[PDB]
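Working notes, beginning with the structure itself.
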Amino acid sequence: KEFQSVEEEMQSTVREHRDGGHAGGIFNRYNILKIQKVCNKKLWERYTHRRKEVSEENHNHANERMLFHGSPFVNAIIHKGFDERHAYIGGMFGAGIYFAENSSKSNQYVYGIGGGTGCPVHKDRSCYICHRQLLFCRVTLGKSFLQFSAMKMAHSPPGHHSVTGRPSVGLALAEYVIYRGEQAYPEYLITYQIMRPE
Ligand SMILES: NC(=O)c1cccc(N)c1
Ligand SMILES: [Zn+2]
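According to UniProt numbering, the stretch in the sequence shown is residues 963 to 1131, 1133 to 1161, in order.
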């Protein structure tokens, strides 16, 4: 089924992080509690209209990918959509909206940048009790600019529609950055817990 494929993607993309679980917590797998498909017709039209535009500018190819997004503002994103106006220029690839192909990378951003102070009730970044929320998004990358080192962009590079952060000696894992909110749709809302290693 549809939700089994989302759970498998969530579980199989977990990696061992270099910070030893400082930001996201210590875990090898999750306890998937709920997977909800977000049905926001106004946001979907905004996304498909921009997707068609990008396809025409990238040899009839949208370069669409299913990627994870961690944020304490998931409730605002599912109702209002992604918003580049809230993006900070101080990020590695500048004022963009960041996505990961590894669920455990996006899990480090659920309670804030670098996990913030953790869950709101126990102030624990490795909290195994509090229910976390992650987004599994449809992202239009189009002509993606391949980059290894820090490149503080305000917008996509000329002639491009996104930035792909590739790992080097550098990033540990890949990341995908868009500079227009309408180039991503929050398709699935995942309610989960990080699980204590066995
Ligand atoms: N907010 C996120 O899920 C995310 C994804 C990739 C890279 C970064 N920095 C954040
Ligand atoms: Zn907690």
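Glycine included, each C-beta is placed from N, C-alpha and C at the ideal position.
Return the CA-CA distance between residue 976 and residue 991, expressed in angstroms with no decimal places. 7 angstroms
Of the residues 1159, 1152 and 1145, which one's Cα is nearest the Cα of residue 1132? Between 1131 and 1133 the numbering of the chain has a gap, and residue 1132 falls inside it, with no coordinates.
Measuring alpha carbon to alpha carbon, tell me which of 996, 1124, 1005 and 1027 ends up nearest residue 1156. 996
DSSP three-state label for residue 1062, please. strand
Taking the beta carbon of residue 1025 as the centre, do at least 16 other beta carbons fall within 10 Å, making it buried, or is it exposed? buried
Residues whose Cβ lies closer than 5 angstroms to any heavy atom of ligand 1, in chain order: 1031, 1032, 1060, 1062, 1068, 1071 and 1138
CB contact flag (residue 1153, residue 1088, <7 angstroms): no
Is any heavy atom of ligand 2 found at a distance shorter than 6 angstroms from the C-beta of residue 1153? no
Rounded C-alpha distance that separates residue 1022 from residue 1101: 16 angstroms
Between residue 1086 and ligand 2, is there a pair consisting of the residue's CB and a ligand heavy atom that are separated by less than 6 angstroms? yes
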